[PDB]
């Protein structure tokens, strides 16, 4: 305890741009979310987090916000948004929206004023600094390419942007900025939204006097930008003045925070946020310097991080658990085996893992079908401003050969999870009557929601089954987690425990039969579910014969 709705909820993340287009322009919209709420209710989802839905020039597909109180033109109108809320309410579903207050679009009113001159009332809503020797104020690099400082000719000063040039960072040291942002949150909260997901929540506080980063720091600079001295003062003040006045669940995207600093954002006793979005597991295999490059990882590596993330939240914090999202490759491709012989078994294995963590699971759109990475071939096949940034920094500088770069970003690109959702087997997978904004995977003929929703053997129906299982067995939400062997590279096996109620999850990550004898005096009381099982499990069994990619949940004898 204490149980809460958000600790036991299963969330589903909708990327509105890519979910369902209802007017043939090739871009998903709010009406397309509305028309598929029944599909999500059938899956068993009780809360939806949507990516940014606000007025935006779309340099970063919604995360460059030009007006926080207007609906993005491509997604519809305020009336569409209000209908989404009402139709969700009719179905007892809760909405989480994406709060993007580290930065605005450079087209936002505040910035247009800010940049007009030093005497403008909005000058100090952003960070403006003089050059150093006709170079940037310091050596800060941007996540999205080049310098974090952009020269403005009007003023002769540079403005700070951790993300795109078009995403100038807001000055949280200015109390008037925080007050405006709080009034903006009340505008949304007053409409009955149930959740807020805080985008890059850890970078709001900037480092006094902006010193250069050391050579070493430049190889891992995300962590330097989360070291701002006032980050927890600001998050707690936002809690005291806004968040604690409403009845909501809040998540924090803590990019660049070392795991051992994460707890301060989520410890309930700190009155900061509720739910941790950590990067440790999802990017375990990502180079910290060349953040587009991946490397081999093993199951022991993966499970050791699961354990550490679980231990860190400990008694007083709480985790989100997810294996993909709009910023990462698809789970079945990245963590599973997406080849035809294994895709469905691995997707179901990963679903099992996700829906048996001591955490609020987040299912990203299309993962419930076992959607895969997309076979990108050339740089032009990508849309993402971030990959273009990496291309300019690493390839156009001649530092990395184009083909080696592609081999990596094919595996790591955020655009892997942005290809349109595969509704059915018709033209463009039923996503759009027009031309989709980003090409649809040709595997849509094999992988689509219409082919799955009524097949009781489908990935979709296995997610549905797991969600009902998790709802039925409190130990699968609140139970303590023990990894039976953190150094095993083949069979992932852990227990979830509440008093005498003890459940065992076993997943065979190998594409060969694996025999696995339980440790100590553990033995099986019941099979709760299995996928790809061939050898029956009887009362008191002490061993399981695991087919390749087999997964299962078992009640253990007390």
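Residue numbers count along the first chain shown, from 1.
Between 183-191 and 154-162, the higher mean Cα B-factor belongs to 154-162.
Taking only CA atoms, the mean B-factor in the PDB entry is higher for 514-522 than for the other of 24-32 and 514-522. When the Cα B-factors of 540, 550, 18, 13 are read from the PDB record, 540 comes out highest. Comparing the listed residues 103, 358, 123, 94, the entry records the largest Cα B-factor for 123. The entry lists a Cα temperature factor for residue 221 that places it in the highest third of the chain's modelled residues. Residue 502: CA B factor lies in the middle third for its chain, per the PDB record. In this PDB entry, the Cα temperature factor of residue 137 sits in the top third of its chain's modelled residues, the highest group. Residue 253 sits in the lowest third of its chain by CA B factor, as recorded in the PDB entry. Annotation for residue 64: CA B-factor lies in the lowest third of the chain's modelled residues.
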